[PDB]
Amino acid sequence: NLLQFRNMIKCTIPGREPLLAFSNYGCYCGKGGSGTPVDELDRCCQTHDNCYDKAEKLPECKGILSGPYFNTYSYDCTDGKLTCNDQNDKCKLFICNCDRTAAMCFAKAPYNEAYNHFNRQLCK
């Protein structure tokens, strides 16, 4: 779920509040992005969006609150490494993997504070 993704970011990027840094960044980080990513971080978010889009169509993703925002999956953060532990519910597993890949993608990307709260009318 939303909070689990936030915690996954804390796992890959210690000491830095994810909501207070990735919530509204560039053209895709945050809520409903469009256009072209302003950098590598932003593209991580663009890809994250696409993954979620895929989850909504996944055969196994069906049911109340089974959406990426509310669906609670099982994962572990051990020594800066994340593992998705779901075996039975493949929807929770797909979702977990979307967040894992993203959190890890965020960790390998330069973060520019100037791109925070970017005017999205420029994202076309």
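Numbering starts at 1 and runs along the sequence shown.
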Taking the deposited Cα B-factors and averaging over 32-40 and over 95-103, the higher mean is found in 32-40
Assert third(CA B-factor, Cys45) within chain per record equals lowest
Tertile call for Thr72 (CA temperature factor, within chain, third-based) is the lowest
For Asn112, the third of its chain by CA B-factor is the middle
Binned into thirds over the chain's modelled residues, the C-alpha B-factor of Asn1 lands in the middle
In terms of its chain's C-alpha B-factors, the third that includes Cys51 is the lowest
